[PDB]
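Novice: I would like the atomic coordinates for the input below:
(chains A, B and C)
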Amino acid sequence: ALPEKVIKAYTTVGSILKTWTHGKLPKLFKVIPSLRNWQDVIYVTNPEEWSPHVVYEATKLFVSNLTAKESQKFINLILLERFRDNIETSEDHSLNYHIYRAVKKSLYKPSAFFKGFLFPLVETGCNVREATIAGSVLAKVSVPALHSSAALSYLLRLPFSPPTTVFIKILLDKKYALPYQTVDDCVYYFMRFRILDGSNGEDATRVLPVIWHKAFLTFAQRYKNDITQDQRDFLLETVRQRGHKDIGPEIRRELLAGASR
Amino acid sequence: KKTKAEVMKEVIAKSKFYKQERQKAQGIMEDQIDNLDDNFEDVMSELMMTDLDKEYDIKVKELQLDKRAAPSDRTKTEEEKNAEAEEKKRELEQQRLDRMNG
RNA sequence: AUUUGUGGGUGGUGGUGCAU
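Specialist: Residues are numbered from 1 along each chain as shown, chains lettered A, B, ... in the order given. Sharing the structure here:
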């Protein structure tokens, strides 16, 4: 149970953050990041009622002042709740500019994005519009190559999903450093998506979307030299099994004319 | 009269917005004055106390160890490339002619 | 220990008729 003065100060700070969209931040918001009980301070302040510019300023202050794990947890919770609330409030599922700036700050925070925010949204199963917005944000702002390849290998090791496929497509469009293990993870994702003629699978025999087809085309265009001869033959077998009409021909041409590692 | 009423309505709305902003500023000032120190003392007296991360760390280590990039651009049409080259050559020729004249 | 000297991408968080 928080104290009465604590509850009153947190409610006043939350109301001030909800009623403010511009200007200067209060000394309460300036001294809240210098304490250790930031999670309890935010739970007492109820940041689910603030504005988008206030949320962007709070995310910027957290990324500038706070530490790795606390910033990751706070960014995960606050950004996931605010993004879900904004996508639910928008009938056309559109994002705000201050929300995009807060997402850019949370992506500039390297540990807070992949471990905290991006993995939890994919675990909560964001929709196709949220996956497209995340892919647009990841194509606009680019994080470090280590975190980019880590998110790519994590989405490849994870199962098939719309958000995971959109993240893999955005990673293939960004074209970060694809190591031997990253190419092996991508080839394992491709082998789990390809059909196995003794134990079949739903992801092995399921239909893939146009975003996954474009992701495979970009991967064959970019990381052909990261795949070996057997991996290129497996990619050609996957393009023969679950290929396409127009995007599949350039994919097979890249898989047949690309170099080997 | 309609334009004057429009001006008056705009001024009234601006005054209302200014009053709201002043109220919000006063509230924020009172907050920073008292509730700041209150919440600071309260937070000082209070207390508020992996597979994905492992895979990410492994992938990051792998990417730091080895890297193989070959981001080749999309090959344009041969006719389009020839047209672009011809345009560049024509631009060069026109520039040379312009230099020779003026 | 993120940023510096050099190359480098650059129009659609587009309006849009109408048929489905």
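
Novice: was I right to think residue A:31 contacts residue B:39?
Specialist: Yes: if you go by C-beta atoms under 8 Å, residue A:31 and residue B:39 touch, sitting 7.4 Å apart. (C-beta placed from N, C-alpha, C; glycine too.)

Novice: which one of these two has more residues nearby?
Specialist: residue B:39 (30 against 17; other C-beta atoms under 10 Å in any protein chain shown).

Novice: phi, psi of the residue in the stretch 151-261 of chain A that RNA strand C sits nearest to?
Specialist: Closest contact between the stretch 151-261 of chain A and RNA strand C, by C-beta to the nearest atom of the strand, is at residue A:173 (10.7 Å). With angles defined as degrees, to the nearest 10, residue A:173 sits at phi -70, psi -30.

Novice: with the one 5 residues further on instead?
Specialist: For residue A:178, the backbone dihedrals (degrees, to the nearest 10) come out as phi -100, psi 100.

Novice: for the stretch 101-250 of chain A, what lies in contact range of RNA strand C?
Specialist: A:108, A:110, A:133, A:136, A:143-144 (C-beta under 7 Å from any atom of the strand).

Novice: ChimeraX command for the buried members of those?
Specialist: Command for ChimeraX, covering only those of these found buried under the criterion 16 or more other C-beta atoms under 10 Å in any protein chain shown:
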select /A:110,133,143,144
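
Novice: pull the most distant pair out of the residues of the stretch 101-250 of chain A next to RNA strand C.
Specialist: Greatest spacing in those, by C-beta to C-beta: A:133 and A:144 (21.4 Å).

Novice: tell me, how many residues neighbour the residue of the stretch 151-261 of chain A closest to RNA strand C?
Specialist: Count around residue A:173 with other C-beta under 10 Å applied: 15.

Novice: now do it against chain B, distance only.
Specialist: 10 Å (C-beta to the nearest C-beta, to the nearest Å).

Novice: what's the spacing between the residue most central in space within chain B and residue A:165?
Specialist: In chain B, the residue lying closest to the centroid (C-alpha atoms, centre = their mean) is residue B:71, at 25.8 Å. Noted for residue B:71: a distance of 21 Å to residue A:165, by C-beta to C-beta, to the nearest Å.

Novice: one more: residue A:238?
Specialist: 15 Å.
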